[PDB]
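Only one chain is shown below, in structure tokens, and it's the form deposited in one PDB entry.
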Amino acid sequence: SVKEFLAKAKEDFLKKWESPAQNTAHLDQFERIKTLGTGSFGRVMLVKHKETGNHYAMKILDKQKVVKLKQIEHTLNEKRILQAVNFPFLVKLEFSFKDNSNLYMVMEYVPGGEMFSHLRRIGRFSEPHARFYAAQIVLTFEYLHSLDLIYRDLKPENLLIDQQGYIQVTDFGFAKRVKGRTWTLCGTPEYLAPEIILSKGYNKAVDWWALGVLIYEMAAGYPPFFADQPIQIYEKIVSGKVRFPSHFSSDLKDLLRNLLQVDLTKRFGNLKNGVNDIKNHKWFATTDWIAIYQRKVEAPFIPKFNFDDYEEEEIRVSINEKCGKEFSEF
């Protein structure tokens, strides 16, 4: 049944992967409300789609700046991945379009903010609460890896909490469709697997290491490897020593020791049994996997009807088309 679901999901993905979506919608169809985040070559705004009244998060990217920072192909690959994937815990890309100045990606609005912010506000989660969130990541990585996608950007900041208290994964900035090995040093230091830091190639197993870090951080209220200098963080990561808080259950420690396995060939999620070594672990014994997928489990936290404040700026669109041919495939 899981095998049957994933086989169908692979077919669905490849159809969209090989034949991308047509350009939909225009700027004036959305009322601009508030800036939700800013970056070097773009910003994300809370918008209301006028005709439906639906609220969305619109990513506005400055074309000239994308071209300047050599981010053309990165932008296109990221869009291509977003429009092709379909899973409950991945943010829906609703519309994409472009004008003379900007590229626009209109995504599902996730109102409850980042898990980072939730951790900053409430501290460590109980093991049952950590397990609720962990279960959604497991199923998400199961789905993504079945499509040969490595995520390689798991961190609390990239996990947004929806009105039902469920995770919506944003930021496909480092996501890569790869069969076999790759080498790029990308991602936040705290969450990097030893094989990313070291000169050797890596595969999808890096996502499972990152899951180990996330579960540790949720249950402890701090990351397993931290220091002021990234090099010092790396030294701790490669060394293979983790200190577990005294309140960590035996089941939690065993799962974490197997996820935070320095030898990628011995790491849970990367053995012959695959995801089942994680899903069937004693720590996940109480987890109803179907119920999590269907979002039928009551969440630990429902956001109040969450984001940090940013200064507002109007969308300026030039009367002359910028970088037209460069973004033809967008």
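Position 1 is the first residue in the sequence shown; the rest follow in order. Throughout, rigid core stands for the largest set of C-alpha atoms superposing within 1.5 Å between the two forms.
Beyond the structure shown, there is the form deposited in another entry, which is absent from this document and is the topic of what follows.
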Core fitted between the shown form and the other one: which of 155, 131, 98, 204 shows a C-alpha shift of 2 angstroms or more?
98
Could you check, with the core superposed, whether the Cα atom of residue 8 shifts 2 Å or more between the shown form and the other one?
no
Answer yes if the CA of residue 52 moves 2 Å or more between the shown form and the other one after aligning the rigid core, and no otherwise.
yes
With both forms fit on the core, is the shift of the CA atom of residue 19 between the shown form and the other one 2 Å or larger?
no
